[PDB]
Amino acid sequence: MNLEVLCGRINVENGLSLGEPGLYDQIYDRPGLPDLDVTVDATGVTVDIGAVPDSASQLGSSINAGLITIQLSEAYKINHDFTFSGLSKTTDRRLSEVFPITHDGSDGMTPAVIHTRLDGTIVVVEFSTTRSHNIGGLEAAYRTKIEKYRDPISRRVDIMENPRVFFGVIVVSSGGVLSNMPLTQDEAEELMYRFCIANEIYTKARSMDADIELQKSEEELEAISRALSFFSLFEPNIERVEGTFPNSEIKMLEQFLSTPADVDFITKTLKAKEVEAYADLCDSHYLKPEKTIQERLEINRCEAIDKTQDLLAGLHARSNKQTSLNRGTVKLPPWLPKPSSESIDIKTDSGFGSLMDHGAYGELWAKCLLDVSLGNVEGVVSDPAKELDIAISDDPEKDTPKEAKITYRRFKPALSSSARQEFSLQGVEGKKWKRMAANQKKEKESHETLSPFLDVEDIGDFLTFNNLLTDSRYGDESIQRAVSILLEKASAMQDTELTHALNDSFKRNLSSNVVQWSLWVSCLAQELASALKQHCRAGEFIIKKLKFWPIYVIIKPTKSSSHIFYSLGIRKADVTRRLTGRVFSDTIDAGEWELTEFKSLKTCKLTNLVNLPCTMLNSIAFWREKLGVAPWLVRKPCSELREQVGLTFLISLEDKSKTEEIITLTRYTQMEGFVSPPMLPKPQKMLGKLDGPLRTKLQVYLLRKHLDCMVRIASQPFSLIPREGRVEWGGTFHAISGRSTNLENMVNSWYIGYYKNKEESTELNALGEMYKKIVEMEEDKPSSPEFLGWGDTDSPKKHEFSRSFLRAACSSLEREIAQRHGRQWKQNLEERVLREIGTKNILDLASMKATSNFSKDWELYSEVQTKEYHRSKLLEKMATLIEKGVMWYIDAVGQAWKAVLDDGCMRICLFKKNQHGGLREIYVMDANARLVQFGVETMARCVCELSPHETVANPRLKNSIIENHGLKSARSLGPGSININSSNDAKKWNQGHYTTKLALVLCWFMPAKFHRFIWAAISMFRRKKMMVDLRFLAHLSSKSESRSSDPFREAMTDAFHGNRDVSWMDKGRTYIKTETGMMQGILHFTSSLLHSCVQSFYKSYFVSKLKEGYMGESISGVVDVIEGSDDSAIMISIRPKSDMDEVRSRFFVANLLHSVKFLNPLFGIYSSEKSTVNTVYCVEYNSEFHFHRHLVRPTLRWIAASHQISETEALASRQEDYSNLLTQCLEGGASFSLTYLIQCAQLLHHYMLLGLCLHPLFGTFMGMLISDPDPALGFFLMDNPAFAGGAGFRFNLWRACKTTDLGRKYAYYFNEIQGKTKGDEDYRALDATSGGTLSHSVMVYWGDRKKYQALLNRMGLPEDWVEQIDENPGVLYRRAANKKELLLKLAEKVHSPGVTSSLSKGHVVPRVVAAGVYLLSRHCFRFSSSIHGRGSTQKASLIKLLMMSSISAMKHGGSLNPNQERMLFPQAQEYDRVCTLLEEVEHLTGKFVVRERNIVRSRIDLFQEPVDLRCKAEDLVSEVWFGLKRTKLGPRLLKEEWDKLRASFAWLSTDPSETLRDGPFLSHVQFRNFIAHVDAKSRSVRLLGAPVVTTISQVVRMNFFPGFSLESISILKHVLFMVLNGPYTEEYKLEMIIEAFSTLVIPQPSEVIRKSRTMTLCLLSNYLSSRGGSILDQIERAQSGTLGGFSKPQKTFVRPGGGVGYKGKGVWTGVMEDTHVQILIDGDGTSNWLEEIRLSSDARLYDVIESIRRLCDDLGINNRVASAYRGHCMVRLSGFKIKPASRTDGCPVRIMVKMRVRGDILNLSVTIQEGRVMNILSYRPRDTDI
RNA sequence: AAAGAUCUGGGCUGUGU
RNA sequence: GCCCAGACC
RNA sequence: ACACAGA
RNA sequence: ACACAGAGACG
Ligand SMILES: O=c1ccn([C@@H]2O[C@H](COP(=O)(O)NP(=O)(O)OP(=O)(O)O)[C@@H](O)[C@H]2O)c(=O)[nH]1
Ligand SMILES: [Mg+2]
Ligand SMILES: [Mg+2]
Ligand SMILES: [Mg+2]
């Protein structure tokens, strides 16, 4: 590389330009490393570098062989010196000899390079190296090198004339280069290679003599020393290990590391597997006897048809063989009553007698209404006047009844025995009627599965033809009016035309039939959730009415884990409309009434019904966007929209696991359509996963449609369409409906099953399947151990593997690791591992996760049957270990291993994961096994960190390998390359891994001193005792005989009862014993290491095979591999050069990507049928779908989770949670308008959770909210429709403060907080007070504090932990040293609000849903007394809090002043900049465009963190107070940074006690928390779109809607853009601009209070015409342009040469945007600086400040000099940034004509002083003007 | 009830009388 | 760092 | 000591 | 009505 070319290829502008940091990955093929011969003879270090081994990439050609000497005192800098030798042969250059002499302390600072071009451009280049392995280390080094030199260079820039400085940085690591230089890829690769040799030299020189390196920290040495002592003195008693655990002989390990791999066996096995794979490929894809593709596709169709017919027949043979029944998919009636006025009364008169003679349900309803209309049911008529009196009660606890709720709306009907029988058939008091014959027969029939040939055609007709999307004409009813009022009040913040259009679209969606139905269904679900706690005696029912609808419900509650029964009733006159379709359950005709049979719902099933309206609204909006229909368009629905919305409806309502599982499998069924020749699609491979019981009509319908999809795929693959430079696919369709659609629509339809609720509760009879999943794998254990680590076999069975192939895979991975990290990688790995193990603390293991309490005392069921098993928290065990005195993980793991070995097993307990896509069992260890597992997983993570393609330990490799395959193939093969990929998954990954293989793989890469620990610690995995549920085992114990078609159920019964002997269960035991398999994710990283080894072997083998060729000549190819845990992908790129060679090369590559299935069992890995093999131009990895240059992300996945019912306790934290959910929908691929509609649904959800459909006082509450829109009191804030979900909740809170009456309330809160002293009541620090603190002032608690208090009483922590921390503050800044500091840190952890709220709350979603009946009127909210004031009691209702705010906080006059706005919202200036950028899109105007299909992830940075400190204030305070070298600065820079900290906070001192007694903080923990957050935030949103002050504008324009662009004078703009960018000179350009302003006509200007380019053009149109008169008056009235002049000119002086300087105290006075501005400036002969800013008003401070920045930009005045004025102002300006008025490092801000063309700049200006020109108007042409 | 991990974002019968 | 949420294994 | 180097 | 190739719940 060359420094001159690299520095001369930079485009530099005036002033200092940092640029943008670019990242370079190690992509290109690398030659072998040269030979190194390092000697240390104490006369320096002599390295004998040999020649680079022969290759052809021109990489490594900068390394010259021969002797090199590097002195001992210069040998600690080798990595820096050798890497950059050739880029910069020199060493350093001071700033004194290139820059003007400043008199700071920085004149002696030496950046690596200071280059100077011929014109005068200066490039300051800094070099850096890091030995880290992640991007974080590169970012840290880049940031510290920028921080060290940015400020002094800028100070020198101030005093230069015509300066152009860049200041680039290059940071080099092993696998990355981070630099803002325009480096080529080859230069970065060369730097990485040179760094590899340099680090090899450095490691060798350190190994030979230990004084080359530098003295490292005491803590690092102690960590390394304790780790070394542990691993040297650890004796696991391997003889006892062998006698205790199966196959634990260490002679296996000794043989594995010393016996080389059997080369002949490997070659013979590889040939045999090759011919077996070829035979399988030829037989199963019909390649011989050489037919055409049509005939082979027909044979594929016939095979698929036959196999699906076998499936259907086998499923029918075990069913009840009924071809017709009446069983509704939807258990709710299709009623659409017109909504009525708010009422929850049960007023009923007259007709009861006709109801009596209409069956059992008519009898029940008539008796209920008769009892209601006689006064014997309490609370039938609500009183929203006494409830208000309770709500406004100044004295709770005395005027709220306690015992009224006992008889609330409860009636006890005297039903006949026939009616009780009928109701018991539905489960209503069904346990008592269990032995009656009808109940027995119904129970017997309930277990029978359904036939696949069942008539299900009402479902298909409903899906194609329904009235779900018809307008209901209910748009002016009460629920609509309430939601509309709340939405319009929220939208008054951004009351524009876009807001109105999107609100109208939302309200049209809200007025559809399905949403109106979902609204009352959600209200019914909320009433049932309320009835959960409303206990009923025997025979007692509850009668309720829905608030907005004439619907009555009779409810029978049970135990809260058991069922809720309900019956519905309406008047037939009240049924205005109905939902069409035959998917609904039949109702009952009862004369005047329509009734509903008793249906059941559990707690988990309620959620989907609660969220149903938001689900349906979001589905309608999403599928309208995906069909290309704009939100602002009225259009009748097509068949596809009806099908999608109806399918979502049915999936949400059925809420069953098999239903969503069938839909989930369609993804793997339909991915076979991308399989390329010479292979055919085989979607019939999924037929094994569709075998299972069918229990609903929808399951039958979905299975049949899935099988039709499978037959369709098997006969016709998706077609390739390459047209211009992209690859498109044709023939895609929805799997369920069958209708043709886009690729993205098919991918999204693969996730419709996600609408089923994950959080179901599993029943006891469903719990045995888990045990079944564990047993047959253990039953497949080989009876002989010869192929479990000892020998070699070519035909391994289950759990078996061959030693030679495992060793060869380890060798291959070791070769790749030695290529990347050098030949001394293991030496550095040892130091890394010892550091990690010795540093790690016991409190680091004190997590919030559960642990197993299973032990020897729980093993025998006869001693346990009366007990209840409970898991513990790991925090308890770790706290017990800390109290006893253990402080390091080293001192605990020895005792943990001793306890495990004495136990002889590992103790596990089980549970079932709540997941989509099927069944997964989950294992929980006890604390001893966790302590042992932690060390081996640490070592495995450290090894996986070194792998060049393992993605679990290297997150960037999730993407970089896939998207760098194109560059690598383009370099190696040229253009026009064919890419063939395979995406592979493994079958039962954790269950198939015998842990001896994992131990051998891990011990291959670790140094021998760890081997004794690794072999023993994994050995305990070969005897695992797994506790089963005690209730399941209790029901099993009472049934010694088995009546089941499942063999496992009988086997388990006999094993527990002793009737048979099996290896996994003994008689009368509570556990299953298992030897095979790791557990789920327990040995995650070592299994990733094994898979990395295997795929490294595959890559090497594929490369060798491609080099061999098919008939002798090599195939040119590029092979890439990527690995997860069991997930893998292989990418092979070829260029065949002709048509005839292309067929042969593709056949060869298909054969290579067909034998992975056959080579995997040699490593104990089994290919899953979820693997998609041999697909051209497309690859999938961890559900990331790369379809050539189209990255497809399933947006429906995140849209389905956008309205989670939050468990949070603060009211505004609900809106923060909603915003966090919204951002993920935005990043998942949704447009901005879709995100806004999703937020409208979130608003509806939020007000439902506040009691919109429940509380009779919600109207009063809403009326109070209109006059007080406080988010802390429940007001939902809506986003700007053009940028929805992109800014966050704090930005919207700042907008609400700046716009609504929340500013007055926050100003009052600020004044009340500022007025108190430290000893005062309700005092809090104003410095630690932000807008988020004020919004978090109202809370409601959901958990039980008694559980948390009992947990505290079992831990023994000191009560005066705050005082003991105050005695020793240093405990809050570094690790503990003794028992005392660790106990203090533990007590600090457990008393944190997050830990307390986590250990208090369990599952509280039903309580949150049922709180809607009492949040408004009952005193359950705790409020901050520092903010809301002392109340009469500690708790209040929401209406009470609104009145308290209405009498105190709303009386305060005046909004926030700029100082308060700056303190509460530190990022307010960036907020205002973005908000100004957002107000140019206020109208729905634009054009429909082409979507262009090129889609990629791209990050958008906004609200960027300003430049204040070099380091974090945490580290600076730590270093100054306690001597910890947490920063990277010398004493001069450390003192300089401490000066800026003290400038920010004058009370800060070098003594912690002085700061504690002089600051605003009562305790020192509070100061630690405050100093943790001095730097506020930095927000970046990762959009998914076109391959990109400017970028925000583009994404706002191009992402409002897919295929839409949101936009005489514009013709003038189009002319001027080509004029100012054209190849002309100033003379020729000046003519036709005047000509264009003399031809075209421009509207006359007006008064605007924002920046408009149009009226700026109008002003120059009038200037060139001189119509009105003086141009200055026109500009003054139009209020666009800086006007004014110097009221005190500076003394003008001649600089040495040709420059002109100023020295006096000049004063500028003028107007900038309707504001009188007086600027005071000074000078010293080198620069000029601001002294004071005087403004007559602060209404538009931010715009005025930006105008001052532009005014000082061209006048050469800098805001870098601090003023000595210590008086009072409103704000201070430092670097043209607004600061709080208490700051002491900026200037105070206090209250009180010719036209030119610069470079592509068009300005109107006037002279101000001699040798000084200032602008008035500027217009910059933009690329969007054409 | 909620294991081992990776990313990204954020935070620091209270019952309807 | 700690806690929370979502997605992924 | 200043100025360098930085898992 | 929920669960389930009849292992449970319906107090
Ligand atoms: O929630 C999870 C998901 C995945 N994993 C770990 O990731 C492995 C692969 O995750 P997987 O989703 O492929 N399931 P797998 O066990 O392979 O069976 P199959 O359905 O046939 O593919 C699993 O074997 C676990 O070890 C977890 O530990 N926890
Ligand atoms: Mg340097
Ligand atoms: Mg798998
Ligand atoms: Mg997987």
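Per chain, numbering begins at 1; letters A, B, ... match sequence-line order.
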Colleague: Under a cut-off of 3.5 Å for both distances of each Watson-Crick or G-U pair, what dot-bracket string does RNA chain D give, using [ ] for crossing pairs and | for inter-strand pairs?
Modeller: .......
Colleague: Quickly work out the A:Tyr754 OH to C:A7 P distance and round it to whole Å.
Modeller: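 The distance from OH of A:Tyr754 to P of C:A7 comes to 8 Å, rounded to the nearest Å.
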Colleague: Just call it for A:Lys1389: base, sugar-phosphate, or nothing, with non-hydrogen atoms closer than 4.0 Å on any strand.
Modeller: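 Touches sugar-phosphate only.
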Colleague: Within the structure shown, what part of the strands sits under 4.0 Å from A:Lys602 by heavy-atom distance: base, sugar-phosphate, or nothing?
Modeller: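 Counting heavy atoms under 4.0 Å across all strands, the contact made by A:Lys602 is with sugar-phosphate only.
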Colleague: Can you name the side-chain hydrogen bond (donor to acceptor under 3.5 Å, both in side chains) partners of A:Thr1086, sequence neighbours left out?
Modeller: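 In terms of side-chain hydrogen bond (donor to acceptor under 3.5 Å, both in side chains), with neighbours along the sequence ignored, A:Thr1086 is linked to no residue.
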Colleague: 5' to 3' on RNA chain E, which nucleotides open and close the contacts with chain A (atom under 4.0 Å from a heavy atom)?
Modeller: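 Terminal contacting nucleotides, 5' to 3': E:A1 to E:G11.
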Colleague: Can you tell me, in whole Å, how much space there is between the P of C:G1 and that of B:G14?
Modeller: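 Result for the P pair: 38 Å, nearest Å.
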Colleague: At 4.0 Å (heavy atoms only), tell me whether A:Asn828 reaches a base, stays on the sugar-phosphate, or touches nothing.
Modeller: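 A:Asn828: base contact, heavy atoms under 4.0 Å.
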Colleague: Could you check E:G6 and say if its sugar is north or south from the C1'-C2'-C3'-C4' sign?
Modeller: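 By the sign criterion, E:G6 is south.
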Colleague: Go through the structure and list residues passing salt bridge (charged side-chain N to carboxylate O under 4.0 Å, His left out) with A:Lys605, not counting sequence neighbours.
Modeller: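 Residues passing salt bridge (charged side-chain N to carboxylate O under 4.0 Å, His left out) with A:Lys605: none at all.
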Colleague: Does A:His1084 reach a base, just sugar-phosphate, or nothing at all? Heavy atoms under 4.0 Å.
Modeller: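 Base contact.
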Colleague: From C1'-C2'-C3'-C4' alone, north or south for the sugar of E:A7?
Modeller: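 With a negative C1'-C2'-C3'-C4' torsion, E:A7 is south.
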Colleague: So, is A:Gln1204 near the phosphate of C:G6, with a side-chain N or O under 4.0 Å from OP1 or OP2?
Modeller: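 For C:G6, OP1 or OP2 has a side-chain N or O of A:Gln1204 closer than 4.0 Å.
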Colleague: Scan A:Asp691 against the nucleic acid and name what it touches under 4.0 Å (heavy atoms): base, sugar-phosphate only, or nothing.
Modeller: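 Answer is base: heavy atoms of A:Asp691 come under 4.0 Å of a base.
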Colleague: Describe the nucleic acid contact of A:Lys605 in one word from base, sugar-phosphate, nothing, applying a heavy-atom distance below 4.0 Å.
Modeller: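 Answer is sugar-phosphate: A:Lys605 comes under 4.0 Å of backbone atoms only.
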Colleague: What integer distance in Å separates A:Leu875:CG from C:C2:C1'?
Modeller: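 From A:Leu875 CG to C:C2 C1': 12 Å.
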Colleague: Does B:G14 have its sugar in the north or the south range once you look at the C1'-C2'-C3'-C4' torsion?
Modeller: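 Here the torsion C1'-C2'-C3'-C4' comes out negative, placing B:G14 south.
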Colleague: Apply the syn/anti split at 90° from 0 to B:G14 and say which one it is.
Modeller: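 Syn, since the glycosidic angle lies within 90° of 0.
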Colleague: Under 4.0 Å from a heavy atom of chain A: give me the 5'-most and 3'-most nucleotides of RNA chain B that qualify.
Modeller: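 Listing 5' to 3', RNA chain B meets chain A from B:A1 to B:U17.
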Colleague: Figure out the CZ/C1' separation between A:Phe84 and D:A5, and round it to whole Å.
Modeller: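 Atom CZ in A:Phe84 sits about 12 Å away from atom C1' in D:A5.
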Colleague: What heavy-atom pair brings A:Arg1049 and A:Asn765 nearest, and what distance separates the two atoms?
Modeller: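 So the two residues come closest at NH2-O, 4.0 Å.
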Colleague: Which part of the nucleic acid, if any, lies within contact of A:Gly692, taking any heavy atom under 4.0 Å across all strands shown: a base, the sugar-phosphate backbone alone, or nothing?
Modeller: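 Touches a base.
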Colleague: Which part of the nucleic acid, if any, lies within reach of A:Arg1568 when heavy atoms closer than 4.0 Å are counted: base, sugar-phosphate only, or nothing?
Modeller: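 Contact class for A:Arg1568: none.
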Colleague: In whole Å, I'd like the distance from the CG atom of A:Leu214 to the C1' atom of D:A7.
Modeller: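 Atom-to-atom, A:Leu214 to D:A7, this comes out as 15 Å.
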Colleague: Taking atom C1' of C:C2 as reference, at what distance in whole Å does atom CD of A:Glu1388 sit?
Modeller: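 Roughly 8 Å, once rounded to whole Å.
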Colleague: Give me the distance, rounded to whole Å, that separates B:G4 from C:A5 when you measure between the P atoms they each carry.
Modeller: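 Those two atoms are separated by 15 Å.
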Colleague: Look at all strands and tell whether A:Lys547 reaches a base, only sugar-phosphate, or nothing, counting heavy atoms closer than 4.0 Å.
Modeller: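 Nothing: the residue A:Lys547, judged by heavy atoms under 4.0 Å, touches no strand.
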Colleague: In this structure, are B:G9 and B:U8 stacked, using the six-membered base rings with centres under 5.5 Å and planes under 30°?
Modeller: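 Between B:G9 and B:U8 there is base stacking, as the criterion is defined here.
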Colleague: Passes salt bridge (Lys or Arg N to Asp or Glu O under 4.0 Å), A:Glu527 versus A:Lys547? Steps please.
Modeller: CA-CA 10 Å; A:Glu527 290 278 48; A:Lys547 200 171 87 154; over 6 Å; no
Colleague: Whole Å only: how far is the NE2 atom of A:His80 from the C1' atom of D:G6?
Modeller: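 So the two atoms are 10 Å apart, to the nearest Å.
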Colleague: Should B:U6 form a Watson-Crick or G-U wobble pair with both distances under 3.5 Å, which nucleotide is its partner?
Modeller: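 Its partner is C:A7 (Watson-Crick or G-U wobble, both distances under 3.5 Å).
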Colleague: I would like to know whether A:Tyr1373 and A:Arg1568 meet side-chain contact (heavy atoms from CB on, under 4.5 Å); could you show each step before the answer?
Modeller: CA-CA 8 Å; A:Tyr1373 299 86; A:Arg1568 169 79 192 88; 3.6 Å; yes
Colleague: Does the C1'-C2'-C3'-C4' torsion put B:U8 in the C3'-endo-side north group or the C2'-endo-side south group?
Modeller: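 Since its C1'-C2'-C3'-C4' torsion is positive, the sugar of B:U8 is on the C3'-endo, or north, side.
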Colleague: Within the 4.0 Å heavy-atom criterion, would you say A:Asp1217 contacts the bases, only the backbone, or no part of the nucleic acid?
Modeller: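 No contact.
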Colleague: For A:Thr762, which contact category applies under a 4.0 Å heavy-atom criterion: base, sugar-phosphate, or nothing?
Modeller: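 It contacts nothing in the nucleic acid.
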Colleague: What pairs with A:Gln1215 under side-chain hydrogen bond (donor to acceptor under 3.5 Å, both in side chains), at least two apart in sequence or on another chain?
Modeller: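 For A:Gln1215, no residue satisfies side-chain hydrogen bond (donor to acceptor under 3.5 Å, both in side chains) once neighbours in sequence are set aside.
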Colleague: Using 30° and 60° as the class boundaries, would you call the ring planes of A:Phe84 and A:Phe127 parallel, tilted or perpendicular?
Modeller: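 It falls in the parallel class, under 30°.
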Colleague: Which value, rounded to the nearest 0.5 Å, describes the distance between A:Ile922 atom CD1 and A:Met1079 atom CE?
Modeller: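 Here the rounded value is 11.5 Å.
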Colleague: With a 4.0 Å cut-off on heavy atoms, is A:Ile922 in touch with a base, just the backbone sugar-phosphate, or nothing at all?
Modeller: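 A:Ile922: base contact, heavy atoms under 4.0 Å.
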Colleague: Closer than 4.0 Å, any side-chain N/O of A:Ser1183 to the OP1 or OP2 of C:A7?
Modeller: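 It does not, given that no N or O in the side chain of A:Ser1183 lies less than 4.0 Å from OP1 or OP2 of C:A7.
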